[PDB]
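Here are two versions of the same chain, shown separately as structure tokens and labelled structure 1 and structure 2.
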Structure 1
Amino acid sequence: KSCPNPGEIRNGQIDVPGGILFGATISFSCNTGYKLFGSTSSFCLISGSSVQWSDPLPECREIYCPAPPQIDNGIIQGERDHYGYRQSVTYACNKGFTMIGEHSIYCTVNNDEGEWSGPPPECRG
């Protein structure tokens, strides 16, 4: 009458408030910077003729900000393919231009979506 030990989710957490016996529900969530790939909860049911979890255990995947904005007359220093939580991008102005504003911005997360911390700098001639 009991389901199998749920185990663990890398970069995440499994909440077990009512045990793992028939009828219990467990809930899943991810550490900051990650988001759930799969079900948000799982229930110990009986199906076929055996007690087992209703959902496969989900995984936690990294949240990425969108590609950093390009700016006129400037370049991004060593731009990467993907930027995750708290990773930064730094800009440089081209020959004959001077930078106004913060030289770097970084990837923030809210509601499982990545967003840049603010606007990129201006390169003025």
Structure 2
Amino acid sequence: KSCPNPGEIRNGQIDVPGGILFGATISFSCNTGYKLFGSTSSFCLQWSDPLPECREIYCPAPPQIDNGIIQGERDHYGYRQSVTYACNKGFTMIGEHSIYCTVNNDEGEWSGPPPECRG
């Protein structure tokens, strides 16, 4: 009375604490920087729910600043990825030099607010 092999989830992982026999449940998760999409767990009643997906969390485009630019700005930003600011000729930077893309509640949000350039 045993269930089919869970299989596998790209960029995520199937957890199996109590076997896969009748009554056992498998849980699902994803690698940091990704958020699960679909059933968060399947129960061996043949499994109850089908396998979910792991989609990558992205941070919205970084903010721009006055009298300041972003060095080599890419298209997308994932977990741990960072953006770096530099003040223009004649200005001095206040605040932090660079912000990092984070993952909050399966939503990519930037570490903090962009720095400021003063004269």
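FYI, numbering is relative to structure 1, first residue = 1. Only residues modelled in both forms are compared. In this text, the rigid core denotes the largest set of C-alpha atoms whose superposition between the two forms falls within 1.5 Å.
Of the two rigid parts that account for the rearrangement between the two structures, a single one contains residue 102 as well as residue 123. Here the chain moves as two rigid blocks between the two structures; the smaller block's rotation against the larger, from C-alpha superpositions, is 22°. Overlaying the rigid core between the two structures leaves the Cα of residue 12 displaced by 0.6 angstrom. Core fit done between the two structures; CA of residue 21 shifted by 7.0 Å.
In sequence order, 1-6, 14-29, 36-45, 52-59 are the runs of at least 3 consecutive residues whose Cα positions differ by 2 Å or more between the two structures once the rigid core is superposed.
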